[PDB]
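This is what each chain is made of:
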Amino acid sequence: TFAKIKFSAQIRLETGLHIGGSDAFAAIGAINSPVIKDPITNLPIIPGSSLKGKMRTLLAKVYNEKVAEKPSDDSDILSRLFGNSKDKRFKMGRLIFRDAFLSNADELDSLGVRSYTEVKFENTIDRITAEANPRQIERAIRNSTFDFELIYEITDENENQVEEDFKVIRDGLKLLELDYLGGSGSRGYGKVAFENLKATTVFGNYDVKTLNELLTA
Amino acid sequence: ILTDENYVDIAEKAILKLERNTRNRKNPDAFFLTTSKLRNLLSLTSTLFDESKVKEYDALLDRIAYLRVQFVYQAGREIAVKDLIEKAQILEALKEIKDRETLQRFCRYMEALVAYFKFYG
Amino acid sequence: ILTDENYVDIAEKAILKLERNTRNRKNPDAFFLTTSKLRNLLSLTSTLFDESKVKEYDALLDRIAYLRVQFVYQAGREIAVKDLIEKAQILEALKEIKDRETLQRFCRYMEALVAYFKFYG
Amino acid sequence: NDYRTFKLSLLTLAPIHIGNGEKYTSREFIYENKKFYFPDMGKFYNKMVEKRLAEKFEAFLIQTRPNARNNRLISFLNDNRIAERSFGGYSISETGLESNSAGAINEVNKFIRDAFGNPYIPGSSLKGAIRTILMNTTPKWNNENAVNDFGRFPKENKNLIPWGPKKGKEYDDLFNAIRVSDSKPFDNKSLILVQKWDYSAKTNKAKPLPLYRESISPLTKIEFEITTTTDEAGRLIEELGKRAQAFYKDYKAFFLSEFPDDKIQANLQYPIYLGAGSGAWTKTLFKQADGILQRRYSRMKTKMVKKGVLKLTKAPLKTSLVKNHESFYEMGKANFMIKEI
RNA sequence: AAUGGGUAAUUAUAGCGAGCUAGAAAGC
RNA sequence: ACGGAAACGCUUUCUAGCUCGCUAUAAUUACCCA
């Protein structure tokens with residue numbers, strides 16, 4: 001058979017994140033570590049590439065028996081969810097990480113927000129000669145929230161591995177909450193919560209009753 | 001008026017046409033203008049260039065209307081800036097904005113002033 | 001000046017005629033110029049080299065203008081970027097760009113300076 | 001889960017100012033009641049260009065009259081009879097000190113705030129505060145920092161703590177492993193705007209400075225999470241209490257002795273010196289940075305050829321300044337205690 | 001001692017700058 | 001009574017798979033000036 005089921009979630013930032021960004025034509029005084037933004041609404045983005053990238057390497061401390069040293073040395077539970085290139089069966093693997101977009105921009109006008117990002121001064125202090133080294137790095141503001149879709153393929157090759165993979169998906173989402181998703185991270189800048197963990201089938205026929213009881217539990 | 005094809009040369013010609021130490025000829029040609037005070041001038045525009053990028057001019061027109069006043073107040077305190085807001089046509093070219101791409105061009109003119117001030121001194 | 005002839009052979013000749021650490025005989029003969037200060041200028045010319053392939057030249061006039069500001073400002077901060085933009089005639093080659101085929105010649109010239117900067121040490 | 005976490009509670013003995021680089025000028029506040037009112041000056045000039053007073057305001061701003069009472073923007077309001085003071089911004093109530101021709105403070109530095117206008121302490125600030133403690137109390141990181149001698153003894157080596165990707169090697173990076181989060185944002189009732197007070201040796205006065213800082217009140221409980229992912233990092237954040245005591249003991253023996261004991265504060269918990277305020281010798285490897293730090297000041301305001309000036313302020317006493325009269329503090333003397341979860 | 005005031009410095013620094021696999025296959 | 005007439009160089013085929021814009025970093029220091 002064939003089915004595709006869709007993990008929805010709502011990413012709430014805490015001490016909001018800095019997924020580092022684009023522009024070289026910036027300024028002499030203004031934001032010099034820009035954040036990645038939508039080119040059309042200029043709202044901050046969590047790209048799905050960084051979500052998948054943190055999620056692999058946080059799941060790979062846990063799900064690799066032998067140490068990685070490369071992707072395509074992951075342990076056939078991460079090769080099937082994130083793809084290898086060098087397994088014949090695990091190349092397109094089973095998970096699509098869409099880019100998260102800023103959802104509550106109207107809620108963050110009822111709170112007194114001038115702009116949906118903030119600029120934060122950060123200052124390398126030298127420990128001899130005490131000279132300072134300032135910088136203005138941008139980050140999305142704290143109570144920003146994001147739509148989060150993550151699509152999963154269930155073919156016949158997902159014979160009985162759907163539940164075993166959803167353990168890994170809800171293990172990786174709770175493991176990103178213990179870590180930081182891009183940016184400085186050791187200096188704040190990271191802490192992400194996932195609310196409303198909800199899986200629905202978008203194609204095919206599959207039961208999402210028993211799926212939403214290792215998500216919300 | 002400053003246009004996209006001349007403002008850097010205007011800024012160089014303004015930093016050169018600017019007074020220096022007549023006395024104290026131990027390391028001469030040092031300006032009666034310091035780097036901290038000119039970065040104080042650029043600080044007024046650095047938090048409008050980002051919002052010239054992000055959001056619309058009809059929420060920044062109020063902040064430009066106060067930017068006139070910020071340059072007036074900085075001109076009044078020290079006489080070093082006072083002979084820079086006249087040499088560089090800052091109060092003249094601040095009334096010339098009326099949209100986004102002249103606000104951005106004015107902020108780039110301020111950065112060009114800071115760039116040539118670091119380059120000479 | 002640089003033509004569609006030797007403009008790359010200029011850039012290599014600029015790198016070998018660039019000052020080194022005669023001191024620090026622990027992997028010696030290395031530049032004072034750090035490669036991050038030079039990639040922060042290749043970042044500018046790289047975005048312009050990409051946009052020149054798509055957009056017009058009148059739609060790059062402000063952007064190109066800001067190039068001179070950064071090559072001035074980065075020169076006023078470090079003396080190493082200062083003799084980079086003096087040995088490689090970058091402020092002079094910036095005044096010469098007037099067409100997209102000349103913008104791209106400057107934008108590839110900076111890539112040649114970065115290529116030969118990595119090739120030597 | 002190797003992520004052993006810690007919870008740091010930070011009490012403020014002295015007022016702590018942090019952040020932001022911005023400063024209100026001497027004409028950007030209102031002192032009507034016992035409450036310094038900092039308005040959004042764009043709306044203040046919007047409301048007052050409608051009352052024909054924008055040219056009168058431009059005249060006010062270059063108007064340096066004597067009696068600074070008449071130069072602090074209350075005089076512009078009460079002079080031309082402006083009673084509608086409904087602008088965005090915030091009030092912070094007065095200390096009662098720093099007076100009388102009162103209200104004539106000049107430039108305050110805004111405390112670091114998030115986008116909602118609620119102030120907080122960032123974890124990069126407190127992580128740098130932890131980093132000086134951990135550098136100073138280590139006889140591996142003190143020794144060979146001040147290096148290269150080329151420009152003017154110019155910089156720390158920054159590699160006595162091994163940092164980087166480091167091609168070929170495994171990824172150690174000790175201070176990637178210590179991860180200090182920011183704080184949940186406190187309310188801006190907690191800010192008081194202490195001034196600054198230079199207490200000096202060889203001329204035993206207490207000269208004030210025209211610097212004003214929106215600082216946290218003394219005795220404010222602040223929270224942080226510090227997670228560690230490595231054995232060595234977790235050992236260090238266990239040892240932070242002992243190492244902060246060791247840093248402060250080698251600091252009072254270095255600097256605070258020769259300054260009189262009433263000017264200093266007690267500890268009551270584990271000592272820490274957080275951001276703006278406290279002088280050069282908390283943001284340094286102070287034993288390797290003596291002559292090379294005073295070497296930088298051939299100016300009009302020389303770092304006097306001694307180990308410097310004690311940095312006091314003035315704020316109300318509560319619960320504290322058990323040692324001296326007329327209410328001196330130490331600007332950044334704070335405390336913490338860590339506990340593991 | 002008064003009273004008027006703030007003044008100066010740094011404005012990001014050091015890196016990585018893409019890597020691998022496929023490089024046309026069947027037919028008429 | 002044209003070595004000519006008639007005859008689609010056409011059908012099928014994802015520039016695709018893998019990849020964290022990341023690492024370190026107190027908005028700080030000096031204390032004065034008319």
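Residues numbered from 1 in each chain as written, not as in the entry; some residues may be left out. Chains lettered and ligands numbered in written order. Part of a larger assembly, values for the part shown. Heavy atoms only, no water. Residues with missing side-chain atoms left out of burial classes, pairs and counts.

- Going by the header, the method for this PDB entry is cryo-EM, and the resolution given is 3.05 Å.

- In the nomenclature of the PDB entry, chain D corresponds to Type III-A CRISPR-associated RAMP protein Csm5 from the organism Streptococcus thermophilus ND03.

- Per the PDB entry, the recorded name for chain B is Type III-A CRISPR-associated protein Csm2, and the organism is Streptococcus thermophilus ND03.

1. A word on the overall build of chain B
Step number 1: Per the secondary structure count, chain B includes six helices and zero strands.
Step number 2: In chain B, the succession of α and β elements from N to C terminus is α-α-α-α-α-α.
Step number 3: Here chain B has a C-alpha radius of gyration of 15 Å; the compact-globule value for 121 residues is 14 Å, and the two agree.
Step number 4: Projected onto the principal axes, the alpha-carbon positions of chain B cover approximately 50 × 30 × 20 Å.
Step number 5: Taking all contacts inside chain B whose residues are at least 6 apart in sequence as the whole, residues at least 24 apart take part in 67%. (Helix = DSSP H or I, 4+ residues; strand = E, 2+ residues; numbered from the N terminus. Rg over C-alpha atoms; globule rule 2.2 N^0.38 Å. Contact = heavy atoms within 4.5 Å.)

2. What about the layout of surface pockets?
Residues and elements named next belong to chain A.
Step number 1: Space inside the second largest pocket adds up to approximately 690 Å³.
Step number 2: Taken together, 20 residues form the lining of the second largest pocket, with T57, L58, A60, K61 and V62 sitting closest to its centre.
Step number 3: Only helix 1 (48–59) and helix 4 (162–176) provide two or more residues apiece to the lining of the second largest pocket.
Step number 4: Split into classes, the residues belonging to the lining of the second largest pocket amount to nine nonpolar, four polar and seven charged. (1 Å grid on protein atoms, 1.4 Å probe; cavity = no way out; pocket = protein on both sides within 12 Å on 5 of 7 lines; lining within 4 Å. Points joined across faces, edges and corners; volume = space filled by probe spheres on them. Nonpolar A, V, L, I, M, F, W, Y, C, P; charged D, E, K, R; others polar.)

3. So, the sheet that holds strand 10 (residues 206–208) of chain D
Residue and element names in this part refer to chain D.
Step number 1: Pairing within the open sheet is antiparallel, and its three strands lie in the order 10-9-14. Single-partner strands in this sheet number two, and they are strand 10 and strand 14 (310–312). Taken pair by pair, the neighbouring strands of this sheet meet at an average axis angle of 30 degrees, ignoring direction.
Step number 2: As paired strands, strand 9 (residues 197–199) and strand 14 are joined by three bridges and run antiparallel to one another. Among the inter-strand pairings, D198 is bridged to a residue of strand 14, identified as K311. (Pairing = 2+ DSSP bridges. Axes fitted to C-alpha atoms, helices over the stretch in contact; angles between N-to-C directions.)

4. A look at the interface of chain A and chain D
Step number 1: Contacts between the two partners involve 34 residues from chain A and, on the opposite side, 41 residues from chain D.
Step number 2: The greatest single-element share of the side of chain A that touches chain D, amounting to three residues, is contributed by strand 5 (residues 117–121) of chain A.
Step number 3: Grouping the constituent residues of the side of chain A that touches chain D by class yields twelve nonpolar, nine polar and 13 charged.

5. As for the nonpolar core
Step number 1: Within the largest apolar cluster, 90 residues are counted, with the highest numbers of intra-cluster contacts made by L10, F38, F57, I121, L126 and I178 of chain D.
Step number 2: Top contributing element to this core by residue count: helix 6 (residues 231–256) of chain D, with eleven residues.
Step number 3: A domain-level breakdown of this core finds at least three residues from each of domain 1 (1–39 + 89–341) and domain 2 (40–88) of chain D.
Step number 4: Setting aside residues up to four positions removed in sequence, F57 of chain D forms contacts with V69 of chain B together with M41, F44, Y45, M48, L73 and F76 of chain D.
Step number 5: In this structure, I28 of chain A, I97 of chain B together with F49 and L91 of chain C belong to the second largest nonpolar core, which totals 88 residues. (Core = buried A, V, L, I, M, F, W, Y, C linked by side-chain atoms within 4.5 Å. Buried < 20%, exposed > 50% of the residue type's maximum accessible area, 1.4 Å probe, protein only. Domains from an automatic or database assignment.)

6. Some words on the protein's contact with RNA strand E
Step number 1: Around RNA strand E sit 38 residues in total, of which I28 of chain A, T34 and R39 of chain B together with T34 and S36 of chain C are the nearest.
Step number 2: Separating a sugar or linking oxygen of RNA strand E from a side-chain N or O atom of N133 of chain A is a distance of 2.9 Å.
Step number 3: A distance of 3.0 Å separates a sugar or linking oxygen of RNA strand E from a polar side-chain atom of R299 of chain D.
Step number 4: Elements with a contribution of two residues or more to the surface near RNA strand E: helix 2 (35–54) and helix 3 (61–77) of chain B together with helix 2 (35–52) and helix 3 (61–77) of chain C.
Step number 5: Residues of the surface near RNA strand E, tallied by class, amount to ten nonpolar, 14 polar and 14 charged. (Near = heavy atom within 4 Å. Polar contact = N/O pair within 3.5 Å; in protein donor to acceptor, adjacent residues only side chain to side chain.)

7. Concerning the packing of aromatic side chains
Step number 1: Per the stated rule, a full pass over the model turns up 42 aromatic pairs over all chains.
Step number 2: The interplanar angle of 40 degrees and the centroid separation of 5.5 Å between the aromatic rings of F31 of chain B and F117 of chain B together place this pair among those described as tilted. Highlighted residues: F31 of chain B in the loop between helix 1 (7–16) and helix 2 and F117 of chain B in helix 6 (residues 100–119), separated in sequence by 86 residues.
Step number 3: We classify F31 of chain B as buried; its relative accessible area is 11%.
Step number 4: With centroids separated by 5.4 Å and ring planes inclined at 75 degrees, the aromatic side chains of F254 of chain D and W281 of chain D adopt a geometry described as edge-to-face. Placement of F254 of chain D in helix 6 and of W281 of chain D in the loop between strand 13 (270–273) and helix 7 (291–294) is noted, with a sequence separation of 27 residues between them. Across the pair, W281 of chain D and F254 of chain D agree in class, each one buried.
Step number 5: Counting every residue linked through ring pairs, the aromatic cluster contains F247, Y248, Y251, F254, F255, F259, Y273, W281 and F286 of chain D.
Step number 6: The positively charged end of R139 of chain A is found above the aromatic ring belonging to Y189 of chain A, 4.6 Å away from the centroid.
Step number 7: Geometry around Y90 of chain D places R113 of chain D over its ring, the cationic atom sitting 4.1 Å from the centre. (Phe/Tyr/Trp six-rings, centres within 6.5 Å; stacked < 30°, edge-to-face > 60°. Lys NZ or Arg CZ within 6 Å of the ring centre and 35° of its normal.)

8. Considerations on helix 2 (residues 54–61) of chain D
Residues separated by three or four positions in an α-helix point in the same direction, a consequence of the helix having 3.6 residues per turn.
Step number 1: For helix 2 of chain D, the set of buried residues is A54, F57, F60 and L61 of chain D. When helix 2 of chain D is viewed along its axis, its buried side chains cluster within an angular range of 105 degrees and face the same direction. (Arc of directions from axis to C-beta.)

9. Description of the interface of chain B and chain C
Step number 1: With 14 residues of chain B at the interface, the matching set in chain C holds 14 residues.
Step number 2: Elements supplying a minimum of two residues to the side of chain B that touches chain C: helix 1 and helix 6 of chain B.
Step number 3: In terms of residue count, helix 6 of chain B provides more of the side of chain B that touches chain C than any other element does, nine residues in total.
Step number 4: Taken together, the residues of the side of chain B that touches chain C sort by class into seven nonpolar, no polar and seven charged.

10. Concerning the packing of helix 4 (residues 123–136) of chain D against helix 6 of chain D
Residues and elements named next belong to chain D.
Step number 1: Look at helix 4 against helix 6: their axes get within 9 Å of each other, and the N-to-C directions meet at 75 degrees. Relative to helix 6, the element helix 4 is oriented roughly perpendicular. Taking contact as the criterion, the partners of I130, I133, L134 and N136 in helix 4 are, on helix 6, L236, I237, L240, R243, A244 and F247.
Step number 2: Classifying every residue of the contact of helix 4 with helix 6 gives eight nonpolar, one polar and one charged. (Parallel < 35°, antiparallel > 145°, perpendicular 65-115°, else oblique.)

11. Digging into the sheet that holds strand 8 (residues 178–180) of chain D
Residues and elements named next belong to chain D.
Step number 1: Pairing is antiparallel across the open sheet formed by five strands, whose spatial order is 8-12-1-15-13. The two strands at the open ends of the sheet, each matched to only one other strand, are strand 8 and strand 13. Adjacent strand axes in the sheet meet at a mean angle of 35 degrees, parallel and antiparallel pairs treated alike.
Step number 2: As paired elements, strand 1 (residues 4–12) and strand 15 (residues 333–340) share seven bridges and run antiparallel to each other. By the bridge assignment, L8 is partnered in strand 15 with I338.

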